[PDB]
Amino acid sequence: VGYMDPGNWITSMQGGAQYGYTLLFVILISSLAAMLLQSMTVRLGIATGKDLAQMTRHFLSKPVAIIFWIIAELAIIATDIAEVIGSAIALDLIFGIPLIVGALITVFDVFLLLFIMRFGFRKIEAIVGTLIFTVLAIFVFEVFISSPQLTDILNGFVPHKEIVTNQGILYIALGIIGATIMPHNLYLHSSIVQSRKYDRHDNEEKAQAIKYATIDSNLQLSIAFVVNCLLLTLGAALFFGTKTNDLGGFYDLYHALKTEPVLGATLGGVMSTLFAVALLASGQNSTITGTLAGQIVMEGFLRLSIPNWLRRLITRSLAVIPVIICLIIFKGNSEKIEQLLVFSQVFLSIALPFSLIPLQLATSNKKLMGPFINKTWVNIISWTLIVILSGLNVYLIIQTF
């Protein structure tokens, strides 16, 4: 969740590898936006009785609520598609299992997650922790030895018009925003935030809970920002300014780490293998959070209750189908399945407004929210974000079609 999701990796790394440091601003303005939007959901969770799905359902009739539920469920399926592609690529790099077979393997990683469960949570998550830290150390090493120009990075943080001019920078930009502001984290946070310690009617107990939840929500989002910048700089350092126009996917990073001159041959192979294991670990951890979010969305909109293993199997089954169809059409082209990997996050950008608007409506309401209320500052910046985001989505959809 955040810096572990493969969508952030592919969008940031391809943004840097294809358009230099330009999209850095899109990483910042989105990472800030999330910090605000999450902070609203937190309040919506703690101030009002229950989470976002129940509120949106409460303000809508059953048909339109079913439509919203279709949009949200499709977003969850999109993230699942992202980590399905991630795990498939990892199994192709480590064990040589083709993508069409690995995608089929990703249906039973629940079983495999039980097998890991038998080995204890703390130990395996510590192994994955040292793995992620080691891989990040490799990336910091690559950026450090690339001799980057700091003034060009800080120049990259400055916005440019070209971000909306051509379809490429705008496409990767929508992918970055959709990957950093995941719509399912709003429904998830708006309910998991209500498990803290406070009396439902005593109010500074609540404001204390929102103080904490907001502080944490900004901490991990800060880390996700830093990691996203480190990855965009990684792809920009390895594949930008190249005569062959390497798009900068997971395979390009794999062979770039494996053929790095100073990094050696066997050592570089160790680095690349660790990166692949970190990609599989990236594809294994998002599933539980996706399952809880799907429970909140389904029980909130449709008021239907099914077990978490069942909806996990259903969401995974629906997620593998477009991956398999993509692999059959393009004959297992890795660059194409990575293009699908980006398109999933772009679809998250498409699905963002349907979750942002009811959040604004419920948060601005005086009766529902009471003392905790959207300061008109929040209403201004938030309505600005909804307007400009929906405008960018409609603009891209109309331009491409």
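Numbering starts at 1 and runs along the sequence shown.
Look over 55 to 63 and 343 to 351 in the entry and identify the one with the greater average Cα temperature factor.
-> Comparing averages over the C-alpha atoms only gives 55 to 63.
Name the higher of the two by mean Cα B-factor in the PDB entry, 9 to 17 versus 376 to 384.
-> The entry gives the higher C-alpha B-factor average to 376 to 384.
Whose C-alpha has the highest temperature factor in the PDB entry: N155, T134, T180, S87?
-> When the deposited C-alpha B-factors of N155, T134, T180, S87 are compared, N155 is largest.
Would you mind finding, among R311, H189, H255, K331, the residue with the largest C-alpha temperature factor in the entry?
-> That would be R311, according to the entry.
CA B-factor ranking of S282, expressed as a third of its chain = Middle third, going by the recorded CA B-factors of the chain.
Grab the CA temperature factor for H184 from the record and place it in the lowest, middle or highest third of its chain.
-> Answer is lowest: the recorded C-alpha B-factor places it there.
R200: which third of its chain by C-alpha temperature factor?
-> Highest third - that is where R200 ends up once the chain's C-alpha B-factors are sorted.
Which third of the chain does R43 land in by C-alpha B-factor: lowest, middle or highest?
-> Middle third, going by the recorded CA B-factors of the chain.
Within this chain, which third does the Cα B-factor at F225 fall in: lowest, middle or highest?
-> Lowest third - that is where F225 ends up once the chain's C-alpha B-factors are sorted.
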